[PDB]
Structure formats: C-alpha cells, structure tokens
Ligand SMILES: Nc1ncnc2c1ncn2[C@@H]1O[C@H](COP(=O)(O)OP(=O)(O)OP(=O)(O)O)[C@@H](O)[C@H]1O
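Below you'll find only one chain, the form deposited without this ligand, shown as structure tokens.
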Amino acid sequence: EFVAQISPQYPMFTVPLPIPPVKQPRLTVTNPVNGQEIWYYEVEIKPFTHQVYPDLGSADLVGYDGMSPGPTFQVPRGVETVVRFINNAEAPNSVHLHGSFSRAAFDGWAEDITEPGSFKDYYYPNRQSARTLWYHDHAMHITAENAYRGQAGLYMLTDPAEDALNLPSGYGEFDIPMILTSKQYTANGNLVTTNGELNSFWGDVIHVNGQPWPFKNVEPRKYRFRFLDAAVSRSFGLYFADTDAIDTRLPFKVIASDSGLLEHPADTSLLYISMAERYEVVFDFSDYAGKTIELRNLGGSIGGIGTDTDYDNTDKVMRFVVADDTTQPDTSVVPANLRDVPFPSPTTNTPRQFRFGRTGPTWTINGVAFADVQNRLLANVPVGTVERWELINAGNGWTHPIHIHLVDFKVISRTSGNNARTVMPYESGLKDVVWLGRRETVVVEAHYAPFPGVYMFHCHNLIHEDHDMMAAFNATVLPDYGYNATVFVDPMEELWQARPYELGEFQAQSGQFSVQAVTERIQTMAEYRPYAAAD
C-alpha cells in the first residue's frame, strides 16, 4: 500500500552518484599554548540554483560553499579545527557539528544564530573516536527548511589506528558517502517548501548525495558505505536486492554506528535508520559480478516501526551496476574484532523519564516547548555523572529519533507496545541518536562528560523539532572547577557570538580575513583552552 507520486516523473537510475568534494583548510595557525597546528577553514553559506529534473526548470537551494551536500571535511583525531561559517544568504543560520563534544557556544544552540552579513568562528576539539559526523543547520524554528534547502554536509573524524583494520578505503573510491534525503518537487522542477507542514514532511523523491534515484558503477568487491539519514522526516529500512530477485534481501555487515566502530561487525540484511543516524556498512559485491543490485527501502511505514507515508517510488533508493571483474585485487578485509568500545560505567540509578508527544497543536518534551525559555531546561547533571534516560513514545501516531548533544550513549533496552522489536544488533555500540518507533520506550546510558555547559536534546524529525520538540540540559560544575568554565557554559556568551563582515574584505581575503587577523583571532581563542579537560 502506497500513495501516488506527486512530484513529476523522474528518469530513474540514469545519473551517476555524486561524491561531495573534500573541503580543504585555508591555512594552519600555531596554537600558542602547545605549539600544535590548528586547521582553519572558511565556508560561505549562499544561495544557488540546481537543475534536478533534466527536462524541467531548476530548484532554488542554499548551501555550504554553494553546494548540497556541503563539502566533506576530513580531520585526523587530535587536530583542532576552526571553521568560519560566513552567512551570505537571506535567513539566519546556526551550525551544529553533530557527533562532536564541542563547547556549548560552538555546538549550534538554536538561539545562537548568525545573521546574513555576519560570520561565526566555531572551534572544534576533534578528540573523540573516529566516526562519521555531519554538520547542519540548527537555527530556531527554521531548521527544517534550512536543512531541506541544502545546509548539511559530512565531517569525517579519522584515526590512523583504524587504518590497520584494512577496511575498504579511499574516499569516493571504495569508501562511499551515502547521504539520504526525501523531498518533493513542483511541476516545474523546483522544491516544494516544508513551510506550512506541522506534522511531518515525508517527501516522495528519494535522493542519495543530492541526486534523485542515482546509479553507481561498482567493481565486484567490498565497499564501505557511510549511510546518513539527512531527511527532514523520512526514516528508512534499507536492504539490498538483485534486480532479478527483487525480494531476496542480500546480507551485509554493519561496522559502525553514530559514535564509531562497533565491537564486532553486525551481520544484517535489513538496516533501520532514522533521521540523523549514521551507520557504516560493508557490502561485498564479489558474488554479484555482472548483476545490478538495487538499494531499497522497506514499505508499510518501515515495516510498521514508523508512520511514514509510502509513495510509488520511495521503495527505491539507488542502483549498483556491478562489473564483470575487478581492476585490482581486493585486499581489504572486515575483521571480526573492530575495536574496544568505550562504554560508560554502568549505573543502577533510576532512569530520568522524558516523554515525546503533543501538547495541543505543539510537539513537546514533558509537555514543554523550546520557545518556553523559563521551562525548557529539563535536567541538571553534574559533569562526570553517568545517567540513564528513559525515552518514552506512548503514541502509535508518530515516531521520534531522539538526539542528545554532548554525549555518546549506549542503548540499554527497547520495548515496543506493538511487540515489533527490541534492541538491534547494530545498536550494540555507542550512539547519539536513537529511534523511538511506534509505542516504543528506550533506555539509554550516558557519561555526561567532560565539559560543563548548557546543551540541547530534541527529536530529529525536523518538523517536530521546529514546532517545538526541543529542550535543554545543563551539565554542571561547582564554582571552584576552573578550566575557564565561566566563559564556556553559556551558549550565548558574547565572546563567541557572530560578527559582521563586508563582502569586499571576504573576497579580497583582507581585513578580518587577512592571515594576520585570522591568526590573532585563533590564537586568542586557543588561549582560553576550551578543550583542556579532555586532555
């Protein structure tokens, strides 16, 4: 059962999968504290036109560096980065680096906005385990439309220790980004706006890396696929099938979740993935030489876990056309032992309860909306504490992928009121988003560490998030804690606020954008030592 497609008919599987280019830093600045190099980047948020339908008009987008997806960052563990996000668009922005324990003022607090004609310098630690992060807009009440129109990109945190694992490698070669979105188009090929949608924006056109229903030519060997659900509201149940046997699911392995590698690969033939979740998959095409393998999406609202509307072609994601032979021998492997996962110390303390539902017309957490400044701070947790949170969806009529900032967490338990599922094998490691499917209650366990500050948690269905399913917690310290905590706990701290710029000095790379000015600014930021407590 599915609904007729609304968007114009598209030429299925005729356009190759695009690969976002790697973003290169402009320069490096010596950290005056420790003498190590900090990589500095400039990203310009700007409108651009993109022809999605070959035979129609074009779509109006707004993206990081004028592309969508934004360019891919590739940063080694231990190297701090500063990214200057320059707003040259027409709406405010707030960048969230999802997956990073950034300080509160560098984390994308929804009120911490940059207006057009201003920029903000974000200072990132890059100390956590190798993982696929992503960076995307988070501006209050306009997050769905900003993300939908193109403000999302990948940020890979790498670790040379994992290179010894000899997994399939090479960005855009055998290590392939798979950014999933679900959108809708007008009869003339422009995007249909999410504005006015207060329930969920499902979309009827499935994209990978910004392209509707692409294909990729692949060799008959192993590939690493980095899946991200960057959709506004659509959740997926991904499986692979030979086009000659479209209903036989082909096995694959999940090797990583939001926060990094699993302890062991999880043998999988169906991957549930909801908004903002990342899973890394290895698929072996070697038994399918000369065949076409279709990446598909489970119907019936993700097999009854979700409520998503299904359309004529939302069961299709993309096609892999497998060559008869490899160019070079495949010498990659998937080891049985991937890593020691750094789970938090377990706690017996009663889980803190959070309920995700509606209060009248508004999506809420414990009956509160983010707009409610006096009531949105729902938890105080001393830094260093391990807490379990019980995340409750009592409803059959919505589902909610919940994101908690700052932390990595372990999924402890899931109970479905429909008896649909419990904890999945690929939820065995550490995560930062967890899907509350229909009538699901999930307990997660997290170390609220190592940095004090006020942070968000929310549903990552961006329609729900905007109206208004988002709250905050404060990871607290005592007054004698030190570490310059006083200037790093408040996300709106004036020191770190956006600053105005003139387009001339930006394009000329002078004034505030001269090497000297950038150097002085970054060296000043570095002296405050924001990430020292992790060292």
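Sequential numbering from 1, following the sequence displayed.
This next part talks about the form deposited with this ligand bound, which is not shown.
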Handout entry: Option from 336 to 344, 393 to 401, 112 to 120, 244 to 252 whose residues, in the deposited complex, bring a heavy atom within 4.5 Å of this ligand
Key = 393 to 401
Completion exercise
The one option of 447, 439, 296, 84 with any heavy atom within 4.5 Å of this ligand in the deposited complex is 439
Problem - Proximity to this ligand in the deposited complex, single hit among 199, 269, 188, 292 (heavy atom within 4.5 Å) - result: 199
Handout entry: Contact of residue 358 with this ligand in the deposited complex (heavy atom, 4.5 Å)
Key = yes
Exercise for the section: State yes or no: in the deposited complex, is some non-hydrogen atom of residue 73 no more than 4.5 angstroms from a non-hydrogen atom of this ligand? Expected result: no
Practice task
May I ask you to state whether residue 426 is within 4.5 Å of this ligand in the deposited complex, using heavy atom distances?
Solution key: no
Practice task
Could you confirm whether residue 363 comes within 4.5 Å of this ligand in the deposited complex, counting heavy atoms only?
Solution key: yes
